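Protein chains in written order, with the entry's author numbering: chain A, 36 to 87; chain B, 36 to 259; chain C, 260 to 345.
Think of the CB as a built atom: it goes at the ideal place given N, C-alpha and C, for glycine as much as any other residue.
What follows is one structure encoded as structure tokens, with my remarks underneath.
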Amino acid sequence: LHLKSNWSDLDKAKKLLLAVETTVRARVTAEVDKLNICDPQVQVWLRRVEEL
Amino acid sequence: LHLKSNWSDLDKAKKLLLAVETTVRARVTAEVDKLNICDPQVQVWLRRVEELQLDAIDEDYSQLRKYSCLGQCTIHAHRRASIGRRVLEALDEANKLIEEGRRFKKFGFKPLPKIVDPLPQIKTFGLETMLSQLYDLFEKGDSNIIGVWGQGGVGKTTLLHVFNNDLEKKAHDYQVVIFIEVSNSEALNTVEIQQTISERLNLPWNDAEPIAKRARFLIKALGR
Amino acid sequence: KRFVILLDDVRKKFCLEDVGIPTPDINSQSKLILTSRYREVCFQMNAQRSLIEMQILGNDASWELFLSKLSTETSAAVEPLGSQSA
Ligand SMILES: Nc1ncnc2c1ncn2[C@@H]1O[C@H](COP(=O)(O)OP(=O)(O)OP(=O)(O)O)[C@@H](O)[C@H]1O
């Protein structure tokens, strides 16, 4: 039964993705504090993650 | 018979995983001691390791070993498939955890500076009325600049300390609270004040930057 | 952290925050023990109601300590009891 295993893998993926989003958001906020506009590619990545 | 060999491999995996967890926990504690919050990815890895609960499969294998006296006794042979699957799942999960853990290099990140930085809390006496007046001017005041004056040595800096520590409790829309001591000089030591503002704004302090340029940069930064 | 800091032989009042030591309060579990030769220094550091006077040793303890600073050649002529010698 690959459904339960795949859903557990999806859960681990959600946790890892949340961690990566937290790290990237922290760095983006650090860059914004220096009055630097966030990189558009990082903005696209954040938009894709938020729309998951 | 791959079951005994695989269980021995699982035991070696538990020992190696415990070693890796000890090393990563030591480094994470070292980073926390520096007031750096643990890296979220390392937190996720630690959460996965803590939930591996290999002792459950170990106790199940012990229970099977209670009945593992004869191989021809196919009465208990049905449980072999459950053990034969859970052992391999535990083994490859542990090896994946090992590979992820060994590759970690950054274990913490500097958290964003808090809204209100705590300041010494001296036991006050009868400051409630002055605090109430200052809060009234702070909230309902139509003028953005508030001046507090009094005789030398009469509760001023203490009033500022208590007000700053009290801003923590109440809800407010003020993002950053900065405490600046211009008292350090009558010559207006600008470098010290700019350093304090930059440190409280998470800005990268520069040494060779001209004073006027840093002033303009801080004006732009605090204007947002 | 809950810290126990043993300041040793303070001789002038000094601000704990300036050096970097936070002054513990009742809301915190940390204890700060400091020693000084002067009652004024202890009072100036807000320790007025937890002050201990270091009493000098008693006669028996004094004598026991004094023997430990003597060689066996000399301790043999001082330690014995029962018989009294100058
Ligand atoms: N309500 C209070 N209860 C107890 N002590 C107080 C109170 N208000 C002020 N103090 C004491 O006043 C002393 C001087 O600090 P304070 O903040 O009042 O100075 P100040 O008037 O701002 O001084 P300066 O003009 O030199 O900067 C401190 O040691 C503090 O303990």
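Could you tell me whether any Cβ in chain B is nearer than 7 Å to the Cβ of residue i?
{"i": "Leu-51 (chain A)", "result": "yes"}
{"i": "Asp-284 (chain C)", "result": "yes"}
{"i": "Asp-44 (chain A)", "result": "no"}
{"i": "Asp-68 (chain A)", "result": "yes"}
{"i": "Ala-54 (chain A)", "result": "yes"}
{"i": "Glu-299 (chain C)", "result": "no"}
{"i": "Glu-276 (chain C)", "result": "yes"}
Give a yes or no on whether 7 Å exceeds the smallest Cβ distance from residue i to chain C.
{"i": "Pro-155 (chain B)", "result": "yes"}
What does the Cβ neighbour count give for residue i, buried or exposed, with the cut at 16 atoms within 10 Å?
{"i": "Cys-274 (chain C)", "result": "exposed"}
{"i": "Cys-301 (chain C)", "result": "buried"}
{"i": "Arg-261 (chain C)", "result": "exposed"}
{"i": "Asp-74 (chain B)", "result": "buried"}
{"i": "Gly-136 (chain B)", "result": "buried"}
{"i": "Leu-126 (chain B)", "result": "buried"}
{"i": "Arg-249 (chain B)", "result": "buried"}
{"i": "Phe-198 (chain B)", "result": "buried"}
{"i": "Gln-88 (chain B)", "result": "exposed"}
{"i": "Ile-246 (chain B)", "result": "exposed"}
{"i": "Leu-132 (chain B)", "result": "buried"}
{"i": "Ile-232 (chain B)", "result": "buried"}
{"i": "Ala-206 (chain B)", "result": "exposed"}
{"i": "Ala-243 (chain B)", "result": "exposed"}
{"i": "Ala-112 (chain B)", "result": "exposed"}
{"i": "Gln-186 (chain B)", "result": "exposed"}
{"i": "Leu-52 (chain B)", "result": "buried"}
{"i": "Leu-45 (chain B)", "result": "buried"}
{"i": "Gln-229 (chain B)", "result": "buried"}
{"i": "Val-122 (chain B)", "result": "buried"}
{"i": "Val-84 (chain B)", "result": "buried"}
{"i": "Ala-320 (chain C)", "result": "exposed"}
{"i": "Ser-295 (chain C)", "result": "buried"}
State the start and end residues of the unbroken beta strand (DSSP E) segment that holds residue i.
{"i": "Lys-145 (chain B)", "result": "That residue, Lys-145 (chain B), is in no beta strand (DSSP E); it is neither H nor E in DSSP."}
{"i": "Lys-290 (chain C)", "result": "290 to 295"}
{"i": "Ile-264 (chain C)", "result": "263 to 269"}
Output the boundary residues of the alpha helix (DSSP H) element that contains residue i.
{"i": "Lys-50 (chain B)", "result": "37 to 68"}
{"i": "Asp-171 (chain B)", "result": "163 to 175"}
{"i": "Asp-208 (chain B)", "result": "Element bounds for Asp-208 (chain B): n/a, residue is neither H nor E."}
{"i": "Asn-318 (chain C)", "result": "318 to 327"}
{"i": "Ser-233 (chain B)", "result": "225 to 235"}
{"i": "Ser-117 (chain B)", "result": "114 to 137"}
{"i": "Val-79 (chain B)", "result": "75 to 85"}
{"i": "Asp-152 (chain B)", "result": "Counting along the chain, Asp-152 (chain B) falls outside any alpha helix (DSSP H), and DSSP gives it neither H nor E."}
{"i": "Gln-98 (chain B)", "result": "89 to 102"}
{"i": "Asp-277 (chain C)", "result": "275 to 278"}
Out of the options, state which residue places its alpha-carbon closest to the alpha-carbon of residue i.
{"i": "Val-59 (chain A)", "options": "A:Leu-36, A:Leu-38, A:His-37 and A:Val-79", "result": "A:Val-79"}
{"i": "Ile-150 (chain B)", "options": "B:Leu-52, B:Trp-240 and B:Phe-214", "result": "B:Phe-214"}
{"i": "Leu-195 (chain B)", "options": "B:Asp-95, B:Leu-169, B:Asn-241 and B:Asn-130", "result": "B:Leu-169"}
{"i": "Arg-82 (chain B)", "options": "A:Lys-47, A:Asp-68, A:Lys-69 and A:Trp-42", "result": "A:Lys-47"}
{"i": "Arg-298 (chain C)", "options": "C:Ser-309, C:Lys-290 and C:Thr-333", "result": "C:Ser-309"}
{"i": "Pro-155 (chain B)", "options": "B:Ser-40, B:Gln-76 and B:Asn-200", "result": "B:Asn-200"}
{"i": "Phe-142 (chain B)", "options": "B:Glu-227, B:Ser-43 and B:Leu-70", "result": "B:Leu-70"}
{"i": "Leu-38 (chain B)", "options": "B:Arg-115, B:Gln-76, B:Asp-90 and B:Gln-98", "result": "B:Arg-115"}
{"i": "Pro-153 (chain B)", "options": "B:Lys-191, B:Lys-204 and B:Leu-257", "result": "B:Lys-204"}
{"i": "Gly-119 (chain B)", "options": "B:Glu-134, B:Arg-138 and B:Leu-99", "result": "B:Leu-99"}
{"i": "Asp-93 (chain B)", "options": "B:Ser-167, B:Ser-117, B:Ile-180 and B:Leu-202", "result": "B:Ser-117"}
{"i": "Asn-237 (chain B)", "options": "B:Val-211, B:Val-217, B:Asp-171 and B:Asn-219", "result": "B:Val-211"}
{"i": "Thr-57 (chain B)", "options": "B:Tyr-96, B:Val-77 and B:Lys-145", "result": "B:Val-77"}
{"i": "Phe-144 (chain B)", "options": "B:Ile-72, B:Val-226, B:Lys-175 and B:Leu-257", "result": "B:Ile-72"}
{"i": "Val-55 (chain B)", "options": "B:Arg-251, B:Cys-108 and B:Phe-139", "result": "B:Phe-139"}
{"i": "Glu-86 (chain B)", "options": "B:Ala-129, B:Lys-50 and B:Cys-108", "result": "B:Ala-129"}
{"i": "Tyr-96 (chain B)", "options": "B:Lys-50, B:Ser-43 and B:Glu-234", "result": "B:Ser-43"}
{"i": "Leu-202 (chain B)", "options": "B:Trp-240, B:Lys-158, B:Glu-174 and B:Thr-159", "result": "B:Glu-174"}
Compare the C-beta of residue i against all C-beta atoms of chain A and say whether one is closer than 7 Å.
{"i": "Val-79 (chain B)", "result": "yes"}
{"i": "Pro-75 (chain B)", "result": "yes"}
{"i": "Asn-237 (chain B)", "result": "yes"}
- Message: Within 8 Å, do at least three Cβ pairs link the segment 59 to 71 of chain B to the segment 95 to 104 of chain B?
- Response: no
- Query: Does the pairing of the segment 261 to 270 of chain C with the segment 282 to 289 of chain C give three or more beta-carbon distances under 8 Å?
  - Reply: yes
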